[PDB]
Structures are given as C-alpha cells and as structure tokens.
Amino acid sequence: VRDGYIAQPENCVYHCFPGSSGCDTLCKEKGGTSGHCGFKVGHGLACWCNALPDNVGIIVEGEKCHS
C-alpha cells in the first residue's frame with residue numbers, strides 16, 4: 001500500500017466535493033481505508049486515499065487522463 005492523491009485509473013485526478021463526503025466513500029469502495037479531499041497543483045482538485053494497494057492507482061503524467 002501507499003498513501004497518495006487518488007485519481008481515477010490512470011493519469012487523472014478525481015475531483016472531490018469539499019467535506020470529503022462522496023470521495024471518501026469512493027476511496028472506500030475501491031479499497032482505501034481513509035480518503036479525504038486534497039488539491040494537487042499540476043492537474044487541479046483531486047482526492048486522497050490512505051492504504052490503497054498499488055494495483056489501484058493515482059495521479060501520473062506521462063500520458064494524459066484516461067477514464
């Protein structure tokens with residue numbers, strides 16, 4: 001696992017609803033045991049996930065955003 005800004009698979013950001021509310025639940029259904037909002041200057045607004053496995057993934061740049 002890692003602790004990171006969660007995107008969407010792959011090379012994206014998600015967008016968070018300040019509060020955490022929705023994105024926290026999104027983090028938990030993907031499989032991070034805490035999540036929050038955050039901002040990652042680069043792309044923009046993003047969400048955060050603690051204890052996501054590395055077979056779930058995050059902000060990357062190299063490509064552009066996917067799904």
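What counts as what
- Residues numbered from 1 in each chain as written, not as in the entry; some residues may be left out.
- Heavy atoms only, no water.
- UniProt positions renumbered as here; feature names shortened; annotations may be inferred.
- Disulfide = S-S within 2.5 Å.
- Helix = DSSP H or I, 4+ residues; strand = E, 2+ residues; numbered from the N terminus.
- Buried < 20%, exposed > 50% of the residue type's maximum accessible area, 1.4 Å probe, protein only.
- Pairing = 2+ DSSP bridges.
- Axes fitted to C-alpha atoms, helices over the stretch in contact; angles between N-to-C directions.

Deposited coordinates in this entry are attributed by the record to solution NMR.

As recorded in the PDB entry, the protein goes by the name LQH III ALPHA-LIKE TOXIN, listed as coming from Leiurus quinquestriatus hebraeus. The header of this PDB entry states its title as "NMR STRUCTURES OF LQH III ALPHA-LIKE SCORPION TOXIN FROM LEIURUS QUINQUESTRIATUS CORRESPONDING TO THE MAJOR CONFORMER IN SOLUTION". Check the Subcellular location section of the UniProt entry for the protein; it says "Secreted". The UniProt entry for the protein carries the following comment under Sequence similarities: "Belongs to the long (4 C-C) scorpion toxin superfamily. Sodium channel inhibitor family. Alpha subfamily."

Overview of the state of the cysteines
In this structure the tally under the stated criterion is four disulfides. Each sulfur in the disulfide pair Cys 12 and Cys 65 lies 2.0 Å from the other. Between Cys 12 and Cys 65 the sulfur-sulfur dihedral comes to about 90°; the bridge is accordingly right-handed. Here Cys 65 lies in the segment after β3 (44-52) and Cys 12 lies in the loop between β1 (2-6) and α1 (21-30), a separation of 53 residues in the sequence. Using a relative accessible area of 0% as the deciding quantity, one classes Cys 12 as buried. Shown here is the disulfide that connects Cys 27 with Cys 49, its sulfur atoms set 2.0 Å apart.

Let's talk about the sheet that holds β3
One open sheet accounts for three strands, arranged β1-β3-β2; its pairing is antiparallel. Looking at which strands have only one partner, the edges of the open sheet turn out to be β1 and β2 (34-40). Recorded for the sheet is a direction-independent mean angle of 30° between the axes of neighbouring strands. Sheet analysis places β1 next to β3, joined by five bridges and oriented antiparallel. Paired with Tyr 5 across the two strands is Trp 48, which belongs to β3.

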